[PDB]
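J.: Quick one: the structure is below, questions incoming.
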Amino acid sequence: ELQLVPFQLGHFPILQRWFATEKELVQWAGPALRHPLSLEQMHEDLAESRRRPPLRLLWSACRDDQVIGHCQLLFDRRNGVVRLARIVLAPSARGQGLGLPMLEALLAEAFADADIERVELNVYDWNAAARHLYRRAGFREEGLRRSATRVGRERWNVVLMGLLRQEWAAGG
Ligand SMILES: CC(C)(COP(=O)(O)OP(=O)(O)OC[C@H]1O[C@@H](n2cnc3c(N)ncnc32)[C@H](O)[C@@H]1OP(=O)(O)O)[C@@H](O)C(=O)NCCC(=O)NCCS
């Protein structure tokens, strides 16, 4: 069904189209982002993926040839922790139970290296869709970082969540 393949610039025009406004970019990728999404805005992230070993891995979720989502992994190899980030489905792919398959695939990649013992993520407290999806995928809420992210005149709270390898294995 859904496949995760390495992200490539060849997929950038598809990805760029999923964000209509600055706010949608910020929700996805944080307060540094500006609309339209541009390759220049992704340079630091992509360079992280060219380090050896790689600090970030970027992924495109595809169905056959069609790019329908994006996700990232950030590696803390000293501690054996990976952070999930920048998870999005194309707007036309939302509401079709593709959220969970994408998370399950991403988790598989995160735990592929046997030295990873923990996976984690941040989610804005108001991002109810994302938060429920993460819980369904087996993530436990671990805390709430108050007034952490500045966006305009607002400050957003960040829910922290985590999943241990033995929990991930127990669930599947
Ligand atoms: C987060 C995202 C990947 C989820 O996609 P999806 O799985 O199709 O999400 P949906 O819109 O179907 O909602 C998913 C689930 O949450 C539940 N849910 C709870 N509150 C919800 C809300 N406000 N809207 C939609 N679903 C909600 C749904 O019922 C569904 O679960 P169920 O089958 O158990 O009922 C998608 O919304 C997205 O790409 N959003 C924009 C980017 C973003 O916010 N990224 C996350 C942080 S980077």
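Residue numbering restarts at 1 for every chain of the structure tokens, chains are lettered A, B, ... in their displayed order, and ligands are numbered from 1 as they appear.
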Show me, as JSON lines, the residues of chain A having an atom within 12 Å of ligand 1, each with the closest atom pair and its distance in Å, using only C-alpha atoms and all ligand atoms.

T.:
{"residue": "A:15", "atom": "CA", "partner": "ligand 1", "partner_atom_place_in_ligand_line": "39 (O)", "distance": 11.1}
{"residue": "A:18", "atom": "CA", "partner": "ligand 1", "partner_atom_place_in_ligand_line": "41 (C)", "distance": 8.8}
{"residue": "A:19", "atom": "CA", "partner": "ligand 1", "partner_atom_place_in_ligand_line": "41 (C)", "distance": 8.9}
{"residue": "A:20", "atom": "CA", "partner": "ligand 1", "partner_atom_place_in_ligand_line": "41 (C)", "distance": 11.4}
{"residue": "A:23", "atom": "CA", "partner": "ligand 1", "partner_atom_place_in_ligand_line": "44 (O)", "distance": 10.5}
{"residue": "A:24", "atom": "CA", "partner": "ligand 1", "partner_atom_place_in_ligand_line": "42 (C)", "distance": 7.4}
{"residue": "A:25", "atom": "CA", "partner": "ligand 1", "partner_atom_place_in_ligand_line": "42 (C)", "distance": 8.4}
{"residue": "A:26", "atom": "CA", "partner": "ligand 1", "partner_atom_place_in_ligand_line": "48 (S)", "distance": 8.9}
{"residue": "A:27", "atom": "CA", "partner": "ligand 1", "partner_atom_place_in_ligand_line": "44 (O)", "distance": 5.7}
{"residue": "A:28", "atom": "CA", "partner": "ligand 1", "partner_atom_place_in_ligand_line": "48 (S)", "distance": 4.0}
{"residue": "A:29", "atom": "CA", "partner": "ligand 1", "partner_atom_place_in_ligand_line": "48 (S)", "distance": 6.1}
{"residue": "A:30", "atom": "CA", "partner": "ligand 1", "partner_atom_place_in_ligand_line": "48 (S)", "distance": 8.5}
{"residue": "A:61", "atom": "CA", "partner": "ligand 1", "partner_atom_place_in_ligand_line": "3 (C)", "distance": 11.1}
{"residue": "A:68", "atom": "CA", "partner": "ligand 1", "partner_atom_place_in_ligand_line": "39 (O)", "distance": 9.6}
{"residue": "A:69", "atom": "CA", "partner": "ligand 1", "partner_atom_place_in_ligand_line": "39 (O)", "distance": 7.5}
{"residue": "A:70", "atom": "CA", "partner": "ligand 1", "partner_atom_place_in_ligand_line": "39 (O)", "distance": 8.6}
{"residue": "A:71", "atom": "CA", "partner": "ligand 1", "partner_atom_place_in_ligand_line": "48 (S)", "distance": 8.2}
{"residue": "A:72", "atom": "CA", "partner": "ligand 1", "partner_atom_place_in_ligand_line": "48 (S)", "distance": 9.3}
{"residue": "A:73", "atom": "CA", "partner": "ligand 1", "partner_atom_place_in_ligand_line": "48 (S)", "distance": 11.6}
{"residue": "A:83", "atom": "CA", "partner": "ligand 1", "partner_atom_place_in_ligand_line": "48 (S)", "distance": 11.6}
{"residue": "A:84", "atom": "CA", "partner": "ligand 1", "partner_atom_place_in_ligand_line": "48 (S)", "distance": 8.8}
{"residue": "A:85", "atom": "CA", "partner": "ligand 1", "partner_atom_place_in_ligand_line": "48 (S)", "distance": 5.8}
{"residue": "A:86", "atom": "CA", "partner": "ligand 1", "partner_atom_place_in_ligand_line": "48 (S)", "distance": 3.9}
{"residue": "A:87", "atom": "CA", "partner": "ligand 1", "partner_atom_place_in_ligand_line": "48 (S)", "distance": 4.5}
{"residue": "A:88", "atom": "CA", "partner": "ligand 1", "partner_atom_place_in_ligand_line": "39 (O)", "distance": 3.4}
{"residue": "A:89", "atom": "CA", "partner": "ligand 1", "partner_atom_place_in_ligand_line": "39 (O)", "distance": 3.9}
{"residue": "A:90", "atom": "CA", "partner": "ligand 1", "partner_atom_place_in_ligand_line": "39 (O)", "distance": 6.4}
{"residue": "A:91", "atom": "CA", "partner": "ligand 1", "partner_atom_place_in_ligand_line": "39 (O)", "distance": 6.8}
{"residue": "A:92", "atom": "CA", "partner": "ligand 1", "partner_atom_place_in_ligand_line": "8 (O)", "distance": 9.1}
{"residue": "A:93", "atom": "CA", "partner": "ligand 1", "partner_atom_place_in_ligand_line": "8 (O)", "distance": 6.5}
{"residue": "A:94", "atom": "CA", "partner": "ligand 1", "partner_atom_place_in_ligand_line": "8 (O)", "distance": 3.4}
{"residue": "A:95", "atom": "CA", "partner": "ligand 1", "partner_atom_place_in_ligand_line": "12 (O)", "distance": 3.3}
{"residue": "A:96", "atom": "CA", "partner": "ligand 1", "partner_atom_place_in_ligand_line": "8 (O)", "distance": 5.5}
{"residue": "A:97", "atom": "CA", "partner": "ligand 1", "partner_atom_place_in_ligand_line": "7 (O)", "distance": 5.5}
{"residue": "A:98", "atom": "CA", "partner": "ligand 1", "partner_atom_place_in_ligand_line": "7 (O)", "distance": 5.7}
{"residue": "A:99", "atom": "CA", "partner": "ligand 1", "partner_atom_place_in_ligand_line": "7 (O)", "distance": 3.4}
{"residue": "A:100", "atom": "CA", "partner": "ligand 1", "partner_atom_place_in_ligand_line": "7 (O)", "distance": 6.3}
{"residue": "A:101", "atom": "CA", "partner": "ligand 1", "partner_atom_place_in_ligand_line": "7 (O)", "distance": 8.8}
{"residue": "A:102", "atom": "CA", "partner": "ligand 1", "partner_atom_place_in_ligand_line": "3 (C)", "distance": 8.3}
{"residue": "A:103", "atom": "CA", "partner": "ligand 1", "partner_atom_place_in_ligand_line": "3 (C)", "distance": 8.8}
{"residue": "A:104", "atom": "CA", "partner": "ligand 1", "partner_atom_place_in_ligand_line": "7 (O)", "distance": 11.8}
{"residue": "A:121", "atom": "CA", "partner": "ligand 1", "partner_atom_place_in_ligand_line": "47 (C)", "distance": 9.2}
{"residue": "A:122", "atom": "CA", "partner": "ligand 1", "partner_atom_place_in_ligand_line": "47 (C)", "distance": 8.0}
{"residue": "A:123", "atom": "CA", "partner": "ligand 1", "partner_atom_place_in_ligand_line": "47 (C)", "distance": 6.0}
{"residue": "A:124", "atom": "CA", "partner": "ligand 1", "partner_atom_place_in_ligand_line": "47 (C)", "distance": 7.6}
{"residue": "A:125", "atom": "CA", "partner": "ligand 1", "partner_atom_place_in_ligand_line": "47 (C)", "distance": 10.5}
{"residue": "A:126", "atom": "CA", "partner": "ligand 1", "partner_atom_place_in_ligand_line": "23 (N)", "distance": 9.2}
{"residue": "A:127", "atom": "CA", "partner": "ligand 1", "partner_atom_place_in_ligand_line": "44 (O)", "distance": 6.3}
{"residue": "A:128", "atom": "CA", "partner": "ligand 1", "partner_atom_place_in_ligand_line": "20 (N)", "distance": 4.8}
{"residue": "A:129", "atom": "CA", "partner": "ligand 1", "partner_atom_place_in_ligand_line": "21 (C)", "distance": 4.0}
{"residue": "A:130", "atom": "CA", "partner": "ligand 1", "partner_atom_place_in_ligand_line": "1 (C)", "distance": 4.0}
{"residue": "A:131", "atom": "CA", "partner": "ligand 1", "partner_atom_place_in_ligand_line": "16 (O)", "distance": 7.6}
{"residue": "A:132", "atom": "CA", "partner": "ligand 1", "partner_atom_place_in_ligand_line": "16 (O)", "distance": 5.0}
{"residue": "A:133", "atom": "CA", "partner": "ligand 1", "partner_atom_place_in_ligand_line": "16 (O)", "distance": 5.4}
{"residue": "A:134", "atom": "CA", "partner": "ligand 1", "partner_atom_place_in_ligand_line": "1 (C)", "distance": 8.6}
{"residue": "A:135", "atom": "CA", "partner": "ligand 1", "partner_atom_place_in_ligand_line": "16 (O)", "distance": 9.4}
{"residue": "A:136", "atom": "CA", "partner": "ligand 1", "partner_atom_place_in_ligand_line": "34 (O)", "distance": 7.4}
{"residue": "A:137", "atom": "CA", "partner": "ligand 1", "partner_atom_place_in_ligand_line": "34 (O)", "distance": 10.5}
{"residue": "A:158", "atom": "CA", "partner": "ligand 1", "partner_atom_place_in_ligand_line": "47 (C)", "distance": 10.9}
{"residue": "A:159", "atom": "CA", "partner": "ligand 1", "partner_atom_place_in_ligand_line": "47 (C)", "distance": 11.2}

J.: Neighbours of residue A:154 within 12 Å (only C-alpha atoms; same-chain residues fewer than 5 positions away dropped), as an MDAnalysis selection string?

T.: chainID A and resid 23 31 147:149

J.: Name the residues of stretch 69-121 of chain A that fall into helix (DSSP H, G or I) according to DSSP on the backbone, using the chain letters and numbers of this document, as a PyMOL selection string.

T.: chain A and resi 91-93+99-112

J.: Which one of A:33, A:5, A:115, A:120 sits closest to residue A:67 if you count only C-alpha atoms?

T.: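 The answer is A:5, which sits nearest to residue A:67.
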
J.: Between A:144, A:112, A:4, A:119, which has the minimum distance to residue A:58 (counting only C-alpha atoms)?

T.: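 With only C-alpha atoms as the atom set, the closest residue is A:4.
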
J.: Measuring atom to atom with only C-alpha atoms, identify which of A:157, A:75, A:151, A:116 is nearest to residue A:51.

T.: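 With only C-alpha atoms as the atom set, the closest residue is A:75.
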
J.: Have a look at A:79, A:3, A:21, A:41 and name the one nearest to residue A:65; count only C-alpha atoms.

T.: A:3

J.: Tell me which of A:32, A:38, A:109, A:117 sits closest to residue A:13, counting only C-alpha atoms.

T.: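 Residue with the minimum atom-to-atom distance to residue A:13: A:38.
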